[PDB]
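Contents: one structure, followed by commentary.
Positions of Cβ are backbone-derived with ideal geometry, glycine not excepted, and every protein chain shown enters the neighbour counts. Just so it is clear, none of the values below were taken in a lab; they were calculated from the coordinates.
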Amino acid sequence: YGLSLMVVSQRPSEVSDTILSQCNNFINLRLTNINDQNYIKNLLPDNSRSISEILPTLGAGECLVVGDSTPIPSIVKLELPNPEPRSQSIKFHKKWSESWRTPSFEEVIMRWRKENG
Amino acid sequence: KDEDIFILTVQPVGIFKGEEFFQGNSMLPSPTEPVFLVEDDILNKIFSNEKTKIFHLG
């Protein structure tokens, strides 16, 4: 019917094996856990397992590509996108270095009861 | 051959270029390639971040 899935994860050993068994193309970044490496090796072909020993030593921007679309499993260096994704934290340490601030409790004790509850 | 030779075993931890440190190397040295020890200042530079809200541990 024309539908495809891209599954992104950082703990492969905690995802269902039913869905990960339908994957044909694998992009692997740095991994430092033995269980994850063993699971990936079991999922990956033997020739990739021979070169899989480079997973703990992979740097920044380099990924191991394995699958049918490539003639040989390889190591590829990518380039940064433009624009770049970014999250929104509150920087605990940076805020803790400022002066003392007093929140307005009168306003925040409201909105617990919008009109009468 | 009645001569003493001192041999060492080493394992890499990263690669640095210029005056900054990055994790991971993905490249390995070849035979006939020099080694140049290390100085105490570069360790201080690596383990002391430039601002970025440094927190001293020990």
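Some points to look at:
- Qualifying positions in the range A:69-87 - closer than 17 Å to A:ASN25 by Cβ and more than 13 Å from chain B (Cβ to nearest Cβ): A:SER69, A:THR70, A:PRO71, A:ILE72, A:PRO73, A:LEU78
- Flag not set for A:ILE90, criterion: surrounded by 10 or more Cβ atoms within 10 Å (Cβ to Cβ) and either acidic (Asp, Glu) or within 14 Å of chain B (Cβ to nearest Cβ) (or both).
- Strands (runs of 3 or more DSSP E) wholly inside the range A:1-91 containing at least 3 residues that are free of Cβ contacts under 8 Å to residues at least 40 places away in the same chain: A:62-66, A:74-77
- In summary, A:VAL66 fulfils each of the numbered conditions (1) more than 14 Å from chain B (Cβ to nearest Cβ); (2) β-branched (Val, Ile, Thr); (3) closer than 26 Å to B:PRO12 by Cβ; (4) exposed (fewer than 13 other Cβ atoms within 10 Å of the Cβ) with the single exception of condition (4).
- Condition met for A:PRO56 (in contact with a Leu (Cβ under 9 Å, 6 or more places away or on another chain) and under 24 Å from B:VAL13 (Cα atoms)): yes
- Qualifying residue in the range B:19-28 (condition: without any contact (Cβ under 8 Å) to a residue 12 or more places away in the chain, away from chain A (no Cβ under 14 Å) and assigned to a loop (DSSP other than H, G, I, E, B)): no
- Look at (1) of a type in the set (A, V, I, L, M, F, W, C); (2) in contact with a helix residue (DSSP H, G or I) (Cβ under 9 Å, 6 or more places away or on another chain); (3) under 26 Å from A:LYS77 (Cα atoms) and you find that B:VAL13 fails only one, number (2).
- Matching residues in the range B:29-58 - criterion: being among the β-branched types (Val, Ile, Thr) and within 14 Å of another protein chain (Cβ to nearest Cβ): B:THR52, B:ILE54
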